[PDB]
Amino acid sequence: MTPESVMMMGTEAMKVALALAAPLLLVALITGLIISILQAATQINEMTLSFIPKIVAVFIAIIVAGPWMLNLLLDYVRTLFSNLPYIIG
Amino acid sequence: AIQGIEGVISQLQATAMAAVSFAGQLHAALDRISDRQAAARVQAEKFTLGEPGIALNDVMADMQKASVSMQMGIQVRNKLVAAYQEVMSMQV
Amino acid sequence: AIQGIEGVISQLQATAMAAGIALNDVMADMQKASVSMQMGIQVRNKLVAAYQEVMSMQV
Amino acid sequence: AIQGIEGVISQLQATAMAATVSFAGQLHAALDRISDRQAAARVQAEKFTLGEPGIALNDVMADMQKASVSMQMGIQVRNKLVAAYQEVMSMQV
Amino acid sequence: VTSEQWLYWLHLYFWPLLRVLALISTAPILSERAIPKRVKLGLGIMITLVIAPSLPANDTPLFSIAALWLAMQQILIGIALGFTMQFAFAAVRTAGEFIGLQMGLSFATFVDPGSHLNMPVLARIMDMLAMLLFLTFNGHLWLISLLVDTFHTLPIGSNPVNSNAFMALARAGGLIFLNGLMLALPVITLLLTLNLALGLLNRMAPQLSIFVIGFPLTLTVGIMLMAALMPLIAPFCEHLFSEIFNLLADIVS
Amino acid sequence: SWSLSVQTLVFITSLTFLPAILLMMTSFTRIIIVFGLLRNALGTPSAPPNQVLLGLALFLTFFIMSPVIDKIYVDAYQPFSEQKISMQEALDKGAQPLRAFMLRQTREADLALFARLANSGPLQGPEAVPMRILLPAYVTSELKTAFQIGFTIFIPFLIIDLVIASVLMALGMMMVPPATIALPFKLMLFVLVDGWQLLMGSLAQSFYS
Amino acid sequence: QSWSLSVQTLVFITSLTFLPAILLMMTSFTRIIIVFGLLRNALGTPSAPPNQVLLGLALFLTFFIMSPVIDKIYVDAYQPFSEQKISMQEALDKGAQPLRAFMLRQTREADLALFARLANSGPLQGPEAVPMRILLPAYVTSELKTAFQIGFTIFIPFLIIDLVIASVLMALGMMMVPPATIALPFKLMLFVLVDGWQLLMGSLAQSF
Amino acid sequence: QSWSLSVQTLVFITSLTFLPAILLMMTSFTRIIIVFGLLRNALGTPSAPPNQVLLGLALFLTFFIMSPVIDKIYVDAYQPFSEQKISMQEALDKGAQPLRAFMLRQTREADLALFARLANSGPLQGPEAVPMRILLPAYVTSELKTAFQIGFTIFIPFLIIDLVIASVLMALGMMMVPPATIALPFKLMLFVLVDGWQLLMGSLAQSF
Amino acid sequence: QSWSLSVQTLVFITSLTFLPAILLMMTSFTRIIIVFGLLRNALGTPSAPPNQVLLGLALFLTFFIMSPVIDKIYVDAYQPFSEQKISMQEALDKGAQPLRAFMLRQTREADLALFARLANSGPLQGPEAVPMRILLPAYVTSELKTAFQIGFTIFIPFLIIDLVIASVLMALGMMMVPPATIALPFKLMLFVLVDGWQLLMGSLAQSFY
Amino acid sequence: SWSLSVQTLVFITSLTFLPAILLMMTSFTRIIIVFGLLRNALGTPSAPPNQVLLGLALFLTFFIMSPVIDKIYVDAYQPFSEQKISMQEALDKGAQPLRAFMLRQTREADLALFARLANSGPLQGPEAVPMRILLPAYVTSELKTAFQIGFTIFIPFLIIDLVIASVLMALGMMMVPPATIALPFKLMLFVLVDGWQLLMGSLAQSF
Amino acid sequence: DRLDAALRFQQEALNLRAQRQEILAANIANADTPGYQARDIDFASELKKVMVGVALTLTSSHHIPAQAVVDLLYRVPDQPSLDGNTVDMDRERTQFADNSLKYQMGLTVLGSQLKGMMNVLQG
Amino acid sequence: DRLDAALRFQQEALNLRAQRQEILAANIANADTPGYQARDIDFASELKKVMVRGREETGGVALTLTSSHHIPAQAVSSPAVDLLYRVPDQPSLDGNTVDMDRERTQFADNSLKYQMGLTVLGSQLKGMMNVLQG
């Protein structure tokens, strides 16, 4: 009820969002950086060949860590809906 | 209640320091109409009973007046309901 | 009122410059009031509809 | 029934242990009240037409009119309830 | 007897109802479409039932242009109050949308302005957070109280009116931007530095950067930055509400 | 007491205001607003054909208001039907349990505000509050509680869209709409975490707590 | 004992008011209509087939699915009542049985358990002890959940097509094109080459 | 056997109530309307032809397409009824036959089989005895499938134009130039040059 | 032969409902608003003038265009109706002829031939004997085609501006600059300096002649 | 003076065209188009809500019509009570300030075009322009004025965008999009100069 | 039922008037019977008695419900007849006319009450 | 104001009809009282008088009731109409001029004219609700 509680639940929510999005974004960033440094080393420059492995890497990311995200988000939503009638004002 | 009497004395102190409604009016009108109807009915039953002094003229006239008052109440209720329905249709 | 008499003299200056209850009454006032209330409701509905049409715009 | 007697003994055990409004139940009770009033008036008219002694014409007419008033009560309550339900269900969330 | 003068009651209960309902249809949270219309109408009716008997009743007939002027006055007062209150949520939405646009969340607006493809999800997040905060600080009760109070300042009866006062509400349009920047100034600045940092990376070997490494990094950084910045809005939320409220109090009079 | 004609007239007239009682004096209001907000949240503004939500809300309200209705029946309707309490006293007797429910859930700040707006005297205890003060205070408290519940409901369904948009943007697919991708995932979430049992139980507790 | 004919007429004509409510809450109309709305959303176009066509088609599908229950009701309740062999109330009680079985067969256990908890029910016992006022909301909740389960997996192939087209377009280089615009004709192609309507009706009917 | 006059006019007014449903689910209105909506979406102009204009065009096209069926109903069914030669029941039965034949001509055997198997109908010898309750949903489903086929096929030339302009812009290095702004005028030019409106209406009429 | 007063009133009030249909399918309105719907797209601002402003401007332009037809209908048909020298049936027969001529002059022969063939009509001796059932949809089709022609032609100078701005941006190495936002103010410049609105309305009015 | 019931019918009917009066007769279109173009300028098509822009335009319209409203009050509102003039003649007298305003804000070319569209040859004087010719001409003039003001607003933001892109290109960056960098600078320029109040002052001066 | 309580008094008065009418007509018809005593009822006391019972309990369907199943005062003779008949023509003719009038009045009052209860409901 | 003024003529005519019928009923009641001159009013002149100057009463004086326990009482409140004497037809020894044929003809005529006023006023009020009906 108190504004501290409101800001705490908002912060925890958006940290949950950060945890959900961090693996995919980080994998894409690492793949892009690796392809870019390889291009710099080989002196190859086409703006389209960096887009190819990024999709494959990010799609594999759901294969490997997808169940973890799905279990984390469901637990968050379940706990939020269960604690809903105790943060009422 | 003991606390209720405490509240009464508190409101009396409030009056000392300081020195009906539409629903009330409708309740008063309903009570008046019902009282008139009950008076006419009681006089009619007294006449049917055979008790002296009650004239058929007065019985019949009072029944007439009670019927007119009932019809007035019915019309007021009809309009009031119509106005309430009109207001509840107002767009907000 | 003192201010009321002030208003009377003001209107005079303005003129200078310019130069029990029966069913019959109960029912008639009851009907008017119903008519006036219906008129108010309709006018407000028109105003609200115009306002919502303006605000439902797309800029 | 054997299971019916089982249910009777179960309700007796319920009474032992003991020692809830229903809108549908209330509507059923009101409809019953109206229907038995109408049936009583109808049977009284039946007996008076058949010629059975003890039945009076004024009582027959009064009971018929009472049944009519009861049915008008029911019809008006039906109208109000249906109008209220339709206005509630015509609302948008 | 049995008078029940209807015109007196109608004129006593009408104009306060008009003003209360005009505020209701525009005031935030009380004007959200999720509330059924009958609930709003009943709330206005009950508030008027509580308030009107204390006020002096007006006698202008409903069948006169004076009644039209009165109705216009009540509508103007109600919509002005509700809109001045809504300005704060407009400012919060602006700040959120700008943080989200610097996230690169909706890049299609820079190439196709207004092309039916826009999702200011951060703007919605902070808009609903602001609504929750407004509910917590009981702003709506205050709104109702001020709607009642504007009578003593401005009675139902037709009263003369002023001018630059309207400008004030229109000039409040500046606050939405000004205060909006005040909510976005820290985080965007660091994001700016991040973009500057990305520029330094592009000053190295040409291409092979931006649109491939910049977007995920800046998205994650914006996410965690403003997740940490969430505790900051509440003092700014109270500041915004106080600004709107005292501007309303000063200018309505 | 009133004549039987007057009693019948009053009964028929009072039968009219049933939607008003359901909307302004009952749990129905904060049993709907939440449903409308949740429907706005999932991205399907039609989905449960309204009527469905209205029927579910009616059944929920009937299950929730059961003790209040029982108390009214045992204290007011039963003596009135047995000719022990007059028609003009059954209403007063039955308005008290509803008033108490209306209090158990109505916040204070609202009570203080509407006690000040009526220019009424000090209310030292809750037993001095009339219905003219409790009605709009209860209405405002119910509106605020419903909006709080809905606005904490809204958060996960926007979180999913946020993460979907960020993931789409990592790979450079800037022209893919995020809402179309997020809607199936929002439906999947609301399926997984017992979307309705948890919400139903949370609302019911929100009343009985 | 039997009701008077006037009472029977009053009850019969009053009960027709709950016909839309019966069709929506108690029959298969809700699930079919929710699935149809979700499928339009999934097709990429929000209002391609008018609401009228979908509503009529859902009504026909509901009638075809419920025809066995209607036949059972007619055999048990309507026919012996119309021949003046049973009373109205007993006819209604007898006819509520096949509809109760149909509602139970598609009811989630958790929904029934929760709504029995909220109705203070204690020793329930046989599946043939659940009252109508408890069974109905549980059936509605189960129908909503099942419709959502069907919709979110109906969404899958169109998301696959959208993602594949967007990935191919952006990897090829044309990142400024809107993928949905190019994807919509392919969604229609997939729907017509699979016989999406016929297979969807088959699946919806088989779901019972 | 002939219905009394009051019953006849009750039936007539009740049937007139169901007019939009008959237009949507028994005539060619639905397919034309779906194709028109898909075409409007295909040009990149979501609101260029107002809905009322397209609805009127579809209504007129439907009237022209169904003129032979209406003529058959008039000559075979309505005319004897208006001259009191035949009763209303037999007139309706005779008028059903041309409309069914038309609907059977434009239905798919697979959908008819699906609805027959779903409704547990007994074996039916030939197209002569197929109930309307079976034929109507099958015809609606077939119309939906055919409309989607036509729309998906129509979507092709605009896709060609979009792809060629996007490729031309991309091969010039113009990385941040969106192709929709350049493609829309050329889509309009393509549709104008091929006499698109009359050609598409003629194609829709010829398919019936 | 004249209809009764009740039947005349019924027919008049019934035909009053077809006013939007008559306006769209029989008057100039269809060609105007559609062009506006495209012009706001060419300028790069889908918001543009508000929808209602454009609709009312189209309505006024339509009235100005049909002023001769309206005057001819008023003189030939409605004036004897008001002065009692004609019936309602004969007035309906006579007043449509100028409007039929107006529709025919803007009707492409190919569409008219298509709808004849599709109605299986007999040999029409001359324009004067063309049925309204054949003239209406053909007029609507030709109207749509003409509106699309005008819109595509309108789309030209803004395409010129976009191409020039994009070429200038790319020739300087400023490849990462979206040219739409830069070229929008120059499109507004072009529409302002040349007096785009007045020129466009004059062109439309002259096109109908 | 004609019947009271007919007066009520006409009044409620004329109440319907209130959006038409606001859009076609007042200046509301000009402010709304200026706000839309300004929003398009900053690069954020949803930063202030459409509702807020509409309400701000409404308040600006009310102020800028306040002199015309006062003239209407003097010529129509007051004498309708003293009954020196009333009914349709008083309505026309009250509408006269609206003409004067719309004559002031209308260009001559639009009026000339709409006159030759109505074959009104003997329209010689400039205070007897009929409403049918005055209204659409006024709307077109408002559209032209709003587009001109929008371009004038566009100029500084376009300059800022061009400057940011040029410095990015000169500094060596060839891939960084200049819109992301230039957006906060656009906002800080808009706030620092207090763009909003000067914009409203100029709009009020623009009449 | 509350509806019975409102209409109980007038129904009982009407029934008592009909019974007394039958008794008076029986007195008129038996005027010539030698040894016949003229009988009558005291209307007010009997009306009190009627205005101021236990249906047997039915446990099931087959159980049969309970089956249902005034005091006459002699008139004081005025003239002594020889055959023992005490019926006086004038007295009972006046009483008969009065009872007819009161029966009509009771019908009027009961009809008015029912009509009022009806117009309350009509709408 | 406008609606009040538009409906004022028929309302006042109907009130004057009611008062005239009260007077005629008083004449009929006193038809057998010896020494009672029949009274009647000139409807047109009194109607114009009431329109130009508002309705007024001769008495109306009543006890004021400031408290809620004061006993309410009123003296007499008759209209400000001029009660004129009707010219007798034929003489009578008792000395009253109430001729029953004249009384019953005026009663029936006033009855029909009051019903006419009710019809006109009801038609006008519907003629207005029709407009306020959208």
# chains A, B, ... in the order shown; residues from 1 in each chain; ligands from 1
>>> select_by_dssp(residues="segment 7-139 of chain I", states="alpha helix (DSSP H)", output="VMD selection string")
chain I and resid 7 to 15 19 to 26 29 to 42 51 to 73 79 to 82 88 to 105 109 to 119 132 to 139
>>> residues_around(residues="residue 10 of chain K", least_positions_apart="5", cutoff="8 Å", atoms="only C-alpha atoms", output="PyMOL selection string")
chain K and resi 106+109-110
>>> closest_residue(among="H:12, H:97, H:46, H:198", to="chain E", atoms="only C-alpha atoms")
H:46
>>> closest_residue(among="F:141, F:50, F:124, F:13", to="residue 110 of chain F", atoms="only C-alpha atoms")
F:141
>>> interface_residues(of="chain H", to="chain E", cutoff="9 Å", atoms="only C-alpha atoms", output="ChimeraX atom specification")
/H:176-178
>>> write_last_selection(atoms="C-alpha atoms", output="PDB file, in the first residue's frame")
ATOM      1  CA  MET H 176      16.857   3.663 -44.937  1.00  0.00           C
ATOM      2  CA  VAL H 177      14.320   4.412 -47.710  1.00  0.00           C
ATOM      3  CA  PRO H 178      11.035   2.576 -46.994  1.00  0.00           C
TER       4      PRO H 178
END
>>> interface_residues(of="chain C", to="chain I", cutoff="8 Å", atoms="only C-alpha atoms", output="ChimeraX atom specification")
/C:57-59
>>> write_last_selection(atoms="C-alpha atoms", output="PDB file, in the first residue's frame")
ATOM      1  CA  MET C  57     -10.510  12.545 -33.135  1.00  0.00           C
ATOM      2  CA  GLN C  58      -7.163  11.546 -34.603  1.00  0.00           C
ATOM      3  CA  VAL C  59      -5.255  14.868 -34.718  1.00  0.00           C
TER       4      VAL C  59
END
>>> residues_around(residues="segment 125-131 of chain E", least_positions_apart="4", cutoff="7 Å", atoms="only C-alpha atoms", output="VMD selection string")
(chain E and resid 89 92 to 93 96 121 135) or (chain F and resid 151)
>>> interface_residues(of="chain L", to="chain J", cutoff="8 Å", atoms="only C-alpha atoms", output="number ranges by chain")
L: 2-3, 6, 127-128, 131-132
>>> residues_around(residues="segment 89-101 of chain F", least_positions_apart="4", cutoff="10 Å", atoms="only C-alpha atoms", output="PyMOL selection string")
chain F and resi 1+25-27+65+67-81+84-85+105-106+126-127+129-131+134-135+138+207
>>> write_last_selection(atoms="N, CA and C atoms", output="JSON list (two decimals), in the first residue's frame")
[["chain", "number", "residue", "atom", "x", "y", "z"],
["F", 1, "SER", "N", -49.63, 0.67, 10.36],
["F", 1, "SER", "CA", -48.89, 0.40, 9.14],
["F", 1, "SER", "C", -49.63, 0.94, 7.92],
["F", 25, "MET", "N", -24.26, -0.59, -4.42],
["F", 25, "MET", "CA", -24.27, -1.10, -3.05],
["F", 25, "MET", "C", -23.73, -2.51, -2.93],
["F", 26, "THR", "N", -23.25, -3.10, -4.02],
["F", 26, "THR", "CA", -22.87, -4.50, -4.07],
["F", 26, "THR", "C", -21.45, -4.64, -4.60],
["F", 27, "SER", "N", -20.90, -5.85, -4.46],
["F", 27, "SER", "CA", -19.58, -6.27, -4.89],
["F", 27, "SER", "C", -19.43, -6.34, -6.40],
["F", 65, "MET", "N", -21.91, -12.29, -1.68],
["F", 65, "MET", "CA", -22.90, -11.63, -0.84],
["F", 65, "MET", "C", -23.80, -12.59, -0.09],
["F", 67, "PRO", "N", -23.54, -14.34, 2.87],
["F", 67, "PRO", "CA", -23.82, -14.12, 4.30],
["F", 67, "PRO", "C", -24.65, -12.87, 4.57],
["F", 68, "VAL", "N", -24.43, -11.80, 3.80],
["F", 68, "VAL", "CA", -25.21, -10.58, 3.98],
["F", 68, "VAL", "C", -26.68, -10.84, 3.65],
["F", 69, "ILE", "N", -26.94, -11.54, 2.54],
["F", 69, "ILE", "CA", -28.32, -11.87, 2.17],
["F", 69, "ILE", "C", -28.95, -12.77, 3.22],
["F", 70, "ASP", "N", -28.18, -13.74, 3.73],
["F", 70, "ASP", "CA", -28.70, -14.62, 4.77],
["F", 70, "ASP", "C", -29.08, -13.84, 6.02],
["F", 71, "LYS", "N", -28.23, -12.90, 6.44],
["F", 71, "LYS", "CA", -28.52, -12.10, 7.62],
["F", 71, "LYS", "C", -29.75, -11.23, 7.40],
["F", 72, "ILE", "N", -29.87, -10.64, 6.21],
["F", 72, "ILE", "CA", -31.05, -9.84, 5.89],
["F", 72, "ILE", "C", -32.31, -10.69, 5.95],
["F", 73, "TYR", "N", -32.26, -11.90, 5.38],
["F", 73, "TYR", "CA", -33.43, -12.76, 5.37],
["F", 73, "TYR", "C", -33.82, -13.19, 6.78],
["F", 74, "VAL", "N", -32.83, -13.57, 7.60],
["F", 74, "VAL", "CA", -33.15, -14.07, 8.93],
["F", 74, "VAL", "C", -33.61, -12.94, 9.85],
["F", 75, "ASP", "N", -33.11, -11.72, 9.64],
["F", 75, "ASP", "CA", -33.42, -10.63, 10.55],
["F", 75, "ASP", "C", -34.57, -9.76, 10.08],
["F", 76, "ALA", "N", -34.75, -9.60, 8.77],
["F", 76, "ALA", "CA", -35.74, -8.68, 8.23],
["F", 76, "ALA", "C", -36.83, -9.36, 7.42],
["F", 77, "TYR", "N", -36.47, -10.20, 6.45],
["F", 77, "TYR", "CA", -37.48, -10.79, 5.57],
["F", 77, "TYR", "C", -38.33, -11.82, 6.31],
["F", 78, "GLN", "N", -37.72, -12.63, 7.16],
["F", 78, "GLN", "CA", -38.50, -13.63, 7.90],
["F", 78, "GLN", "C", -39.51, -13.00, 8.85],
["F", 79, "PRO", "N", -39.15, -12.06, 9.73],
["F", 79, "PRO", "CA", -40.19, -11.43, 10.56],
["F", 79, "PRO", "C", -41.22, -10.66, 9.77],
["F", 80, "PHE", "N", -40.82, -10.03, 8.66],
["F", 80, "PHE", "CA", -41.79, -9.29, 7.85],
["F", 80, "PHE", "C", -42.79, -10.23, 7.19],
["F", 81, "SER", "N", -42.32, -11.37, 6.68],
["F", 81, "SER", "CA", -43.22, -12.31, 6.02],
["F", 81, "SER", "C", -44.18, -12.96, 7.01],
["F", 84, "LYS", "N", -44.75, -10.07, 11.74],
["F", 84, "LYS", "CA", -44.22, -9.63, 13.03],
["F", 84, "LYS", "C", -43.58, -8.24, 12.95],
["F", 85, "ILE", "N", -43.06, -7.86, 11.79],
["F", 85, "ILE", "CA", -42.43, -6.57, 11.59],
["F", 85, "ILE", "C", -43.10, -5.88, 10.41],
["F", 105, "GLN", "N", -15.49, -2.61, 3.97],
["F", 105, "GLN", "CA", -14.64, -2.56, 2.79],
["F", 105, "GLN", "C", -14.31, -1.14, 2.35],
["F", 106, "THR", "N", -15.01, -0.17, 2.99],
["F", 106, "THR", "CA", -14.87, 1.27, 2.62],
["F", 106, "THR", "C", -13.72, 1.91, 3.37],
["F", 126, "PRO", "N", -17.85, 4.71, 14.27],
["F", 126, "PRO", "CA", -18.52, 4.33, 13.02],
["F", 126, "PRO", "C", -20.03, 4.21, 13.15],
["F", 127, "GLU", "N", -20.55, 4.14, 14.38],
["F", 127, "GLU", "CA", -21.98, 3.99, 14.61],
["F", 127, "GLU", "C", -22.76, 5.28, 14.37],
["F", 129, "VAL", "N", -22.17, 7.18, 11.58],
["F", 129, "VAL", "CA", -22.13, 7.47, 10.14],
["F", 129, "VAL", "C", -23.47, 7.11, 9.51],
["F", 130, "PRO", "N", -24.14, 8.04, 8.84],
["F", 130, "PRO", "CA", -25.39, 7.72, 8.16],
["F", 130, "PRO", "C", -25.10, 7.10, 6.80],
["F", 131, "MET", "N", -26.17, 6.68, 6.12],
["F", 131, "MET", "CA", -26.02, 6.10, 4.79],
["F", 131, "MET", "C", -25.60, 7.14, 3.76],
["F", 134, "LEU", "N", -21.90, 6.99, 3.93],
["F", 134, "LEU", "CA", -21.26, 5.71, 3.64],
["F", 134, "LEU", "C", -21.40, 5.33, 2.17],
["F", 135, "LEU", "N", -22.53, 5.66, 1.54],
["F", 135, "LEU", "CA", -22.75, 5.28, 0.15],
["F", 135, "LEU", "C", -21.63, 5.74, -0.77],
["F", 138, "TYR", "N", -18.15, 4.30, 0.18],
["F", 138, "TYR", "CA", -18.02, 2.92, -0.26],
["F", 138, "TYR", "C", -17.80, 2.83, -1.76],
["F", 207, "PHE", "N", -12.27, -9.70, -1.10],
["F", 207, "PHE", "CA", -13.47, -9.31, -0.37],
["F", 207, "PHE", "C", -13.43, -9.78, 1.09]]
>>> residues_around(residues="residue 11 of chain B", least_positions_apart="6", cutoff="12 Å", atoms="only C-alpha atoms", output="JSON, numbers by chain")
{"B": [4, 5, 17, 18], "F": [120, 121, 122, 123, 124, 128]}
>>> atom_distance(atom1="atom CA of residue 7 of chain D", atom2="atom CA of residue 20 of chain D")
20.3 Å
>>> closest_atom_pairs(of="chain D", to="chain B", cutoff="12 Å", atoms="only C-alpha atoms", output="tab-separated table")
residue	atom	partner	partner_atom	distance
D:83	CA	B:85	CA	11.6
D:84	CA	B:85	CA	11.6
D:87	CA	B:89	CA	10.7
D:91	CA	B:89	CA	11.8
>>> write_last_selection(atoms="C-alpha atoms", output="mmCIF file, in the first residue's frame")
data_model
loop_
_atom_site.group_PDB
_atom_site.id
_atom_site.type_symbol
_atom_site.label_atom_id
_atom_site.label_comp_id
_atom_site.auth_asym_id
_atom_site.auth_seq_id
_atom_site.Cartn_x
_atom_site.Cartn_y
_atom_site.Cartn_z
ATOM 1 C CA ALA D 83 -36.454 -5.584 -17.213
ATOM 2 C CA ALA D 84 -33.766 -5.440 -14.517
ATOM 3 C CA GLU D 87 -30.680 -3.873 -18.393
ATOM 4 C CA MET D 91 -24.304 -3.392 -20.083
#
